[PDB]
file upload.tsv (TSV, C-alpha atoms)
chain	number	residue	atom	x	y	z
A	51	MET	CA	-153.60	15.26	46.64
A	52	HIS	CA	-156.63	16.25	44.58
A	53	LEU	CA	-156.36	17.12	40.89
A	54	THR	CA	-158.85	19.78	39.84
A	55	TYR	CA	-159.10	21.50	36.46
A	56	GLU	CA	-161.20	24.49	35.45
A	57	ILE	CA	-161.60	26.80	32.46
A	58	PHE	CA	-162.83	30.38	32.14
A	59	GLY	CA	-164.61	32.57	29.60
A	60	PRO	CA	-167.26	35.30	29.12
A	61	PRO	CA	-170.90	34.81	30.23
A	62	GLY	CA	-172.93	32.98	27.59
A	63	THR	CA	-169.93	31.36	25.92
A	64	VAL	CA	-170.39	27.83	24.59
A	65	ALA	CA	-167.41	25.49	24.28
A	66	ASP	CA	-166.88	21.74	24.04
A	67	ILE	CA	-164.76	20.32	26.86
A	68	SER	CA	-163.00	16.99	26.30
A	69	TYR	CA	-160.72	15.17	28.72
A	70	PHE	CA	-159.63	11.62	29.52
A	71	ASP	CA	-161.14	10.33	32.75
A	72	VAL	CA	-159.14	8.16	35.15
A	73	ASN	CA	-161.93	5.57	35.14
A	74	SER	CA	-162.12	5.80	31.36
A	75	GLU	CA	-165.04	8.13	30.62
A	76	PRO	CA	-164.52	11.30	28.54
A	77	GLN	CA	-166.75	14.26	29.42
A	78	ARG	CA	-168.37	16.39	26.73
A	79	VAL	CA	-170.86	19.24	27.17
A	80	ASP	CA	-172.77	21.07	24.44
A	81	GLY	CA	-174.86	24.21	24.93
A	82	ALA	CA	-173.13	25.35	28.12
A	83	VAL	CA	-173.02	29.00	29.17
A	84	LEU	CA	-169.83	28.91	31.25
A	85	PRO	CA	-167.12	26.42	32.31
A	86	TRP	CA	-167.02	24.64	35.67
A	87	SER	CA	-164.69	22.46	37.75
A	88	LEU	CA	-164.15	18.76	38.35
A	89	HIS	CA	-162.86	16.68	41.26
A	90	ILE	CA	-160.40	13.84	40.64
A	91	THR	CA	-158.87	11.62	43.32
A	92	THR	CA	-155.52	9.94	42.70
A	93	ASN	CA	-153.30	7.59	44.71
A	94	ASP	CA	-150.69	9.89	46.24
A	95	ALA	CA	-148.37	11.60	43.75
A	96	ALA	CA	-148.04	14.46	41.27
A	97	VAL	CA	-150.80	14.20	38.66
A	98	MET	CA	-151.65	16.17	35.53
A	99	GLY	CA	-154.20	15.99	32.72
A	100	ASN	CA	-154.58	17.37	29.21
A	101	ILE	CA	-157.55	19.67	28.63
A	102	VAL	CA	-158.27	21.97	25.69
A	103	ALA	CA	-161.10	24.26	24.61
A	104	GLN	CA	-162.44	25.36	21.22
A	105	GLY	CA	-164.99	28.13	21.71
A	106	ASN	CA	-165.58	31.59	20.26
A	107	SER	CA	-163.98	33.11	23.35
A	108	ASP	CA	-161.37	35.85	23.62
A	109	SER	CA	-159.26	34.06	26.22
A	110	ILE	CA	-158.86	30.31	26.61
A	111	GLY	CA	-156.22	28.45	28.61
A	112	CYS	CA	-155.67	25.58	31.04
A	113	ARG	CA	-154.33	25.25	34.58
A	114	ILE	CA	-153.30	22.53	37.02
A	115	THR	CA	-152.67	22.89	40.75
A	116	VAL	CA	-151.44	20.00	42.89
A	117	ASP	CA	-150.48	19.65	46.55
A	118	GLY	CA	-151.36	23.35	46.54
A	119	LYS	CA	-147.94	23.85	44.97
A	120	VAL	CA	-147.19	24.81	41.37
A	121	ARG	CA	-145.69	21.88	39.46
A	122	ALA	CA	-147.00	22.20	35.91
A	123	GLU	CA	-149.10	24.90	34.25
A	124	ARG	CA	-149.87	25.72	30.62
A	125	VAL	CA	-151.51	29.01	29.65
A	126	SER	CA	-152.28	29.82	26.02
A	127	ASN	CA	-153.66	33.20	24.96
A	128	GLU	CA	-156.01	33.40	21.98
A	129	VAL	CA	-158.29	36.18	20.76
A	130	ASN	CA	-160.42	33.56	19.01
A	131	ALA	CA	-159.70	29.96	20.02
A	132	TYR	CA	-161.78	28.56	17.16
A	133	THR	CA	-159.49	28.83	14.14
A	134	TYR	CA	-157.74	25.56	14.95
A	135	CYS	CA	-154.81	27.06	13.05
A	136	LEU	CA	-154.64	30.58	11.62
A	137	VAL	CA	-151.52	32.69	12.13
A	138	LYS	CA	-152.02	36.35	11.22
A	139	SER	CA	-151.33	36.68	7.50
A	140	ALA	CA	-154.36	38.42	6.00
call {"tool": "encode", "arguments": {"input": "upload.tsv", "output": "structure tokens"}}
result
Amino acid sequence: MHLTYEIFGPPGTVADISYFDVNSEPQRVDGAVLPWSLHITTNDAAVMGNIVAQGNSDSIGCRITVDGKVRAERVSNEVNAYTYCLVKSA
């Protein structure tokens, strides 16, 4: 019953990670080379969190695994997750 989130990316990539902590304490890192993982303990039920990334990476997505069973997972593919909003047009 442990909720753990983790991101991936190339070696030397710098991205700002922001997420809402259960105890009320957002985490933000600047000047990081690669993403890591976190450990969150919850009562005893399905839990999920919202995490996003905005770095000059080629692939950025999120993932959530609970009770070792798949319940909810969101994967977004982006060749440059740093445009905030730019759909091919030019």
call {"tool": "axis_aligned_box", "arguments": {"input": "upload.tsv", "around": "region 58-70 of chain A", "padding_each_side": "6 Å", "output": "JSON"}}
result
{"center_x": -166.3, "center_y": 23.5, "center_z": 28.1, "size_x": 25.3, "size_y": 35.7, "size_z": 20.1}
call {"tool": "closest_residue", "arguments": {"input": "upload.tsv", "among": "A:113, A:105, A:90, A:73", "to": "residue 130 (chain A)", "atoms": "all atoms listed in the file"}}
result
A:105
call {"tool": "closest_residue", "arguments": {"input": "upload.tsv", "among": "A:110, A:98, A:140, A:67", "to": "residue 86 (chain A)", "atoms": "all atoms listed in the file"}}
result
A:67
call {"tool": "closest_residue", "arguments": {"input": "upload.tsv", "among": "A:122, A:79, A:72, A:136", "to": "residue 91 (chain A)", "atoms": "all atoms listed in the file"}}
result
A:72
call {"tool": "residues_around", "arguments": {"input": "upload.tsv", "residues": "residue 114 (chain A)", "least_positions_apart": "4", "cutoff": "10 Å", "atoms": "only C-alpha atoms", "output": "PDB file with C-alpha atoms, in the coordinates of the input"}}
result
ATOM      1  CA  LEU A  53    -156.360  17.120  40.890  1.00  0.00           C
ATOM      2  CA  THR A  54    -158.850  19.780  39.840  1.00  0.00           C
ATOM      3  CA  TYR A  55    -159.100  21.500  36.460  1.00  0.00           C
ATOM      4  CA  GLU A  56    -161.200  24.490  35.450  1.00  0.00           C
ATOM      5  CA  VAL A  97    -150.800  14.200  38.660  1.00  0.00           C
ATOM      6  CA  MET A  98    -151.650  16.170  35.530  1.00  0.00           C
ATOM      7  CA  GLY A  99    -154.200  15.990  32.720  1.00  0.00           C
ATOM      8  CA  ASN A 100    -154.580  17.370  29.210  1.00  0.00           C
ATOM      9  CA  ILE A 101    -157.550  19.670  28.630  1.00  0.00           C
ATOM     10  CA  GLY A 118    -151.360  23.350  46.540  1.00  0.00           C
ATOM     11  CA  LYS A 119    -147.940  23.850  44.970  1.00  0.00           C
ATOM     12  CA  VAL A 120    -147.190  24.810  41.370  1.00  0.00           C
ATOM     13  CA  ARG A 121    -145.690  21.880  39.460  1.00  0.00           C
ATOM     14  CA  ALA A 122    -147.000  22.200  35.910  1.00  0.00           C
ATOM     15  CA  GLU A 123    -149.100  24.900  34.250  1.00  0.00           C
ATOM     16  CA  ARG A 124    -149.870  25.720  30.620  1.00  0.00           C
ATOM     17  CA  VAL A 125    -151.510  29.010  29.650  1.00  0.00           C
TER      18      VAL A 125
END
call {"tool": "atom_distance", "arguments": {"input": "upload.tsv", "atom1": "CA of residue 112 (chain A)", "atom2": "CA of residue 61 (chain A)"}}
result
17.8 Å
call {"tool": "atom_distance", "arguments": {"input": "upload.tsv", "atom1": "CA of residue 65 (chain A)", "atom2": "CA of residue 78 (chain A)"}}
result
9.5 Å
call {"tool": "closest_residue", "arguments": {"input": "upload.tsv", "among": "A:51, A:58, A:132, A:137", "to": "residue 109 (chain A)", "atoms": "only C-alpha atoms"}}
result
A:58
call {"tool": "atom_distance", "arguments": {"input": "upload.tsv", "atom1": "CA of residue 59 (chain A)", "atom2": "CA of residue 81 (chain A)"}}
result
14.0 Å
call {"tool": "closest_residue", "arguments": {"input": "upload.tsv", "among": "A:63, A:133, A:68, A:126", "to": "residue 83 (chain A)", "atoms": "only C-alpha atoms"}}
result
A:63
call {"tool": "closest_residue", "arguments": {"input": "upload.tsv", "among": "A:128, A:66, A:57, A:52", "to": "residue 95 (chain A)", "atoms": "all atoms listed in the file"}}
result
A:52
call {"tool": "residues_around", "arguments": {"input": "upload.tsv", "residues": "residue 60 (chain A)", "least_positions_apart": "6", "cutoff": "10 Å", "atoms": "only C-alpha atoms", "output": "list in words"}}
result
residues 83, 84, 85, 106, 107, 108 and 109 of chain A
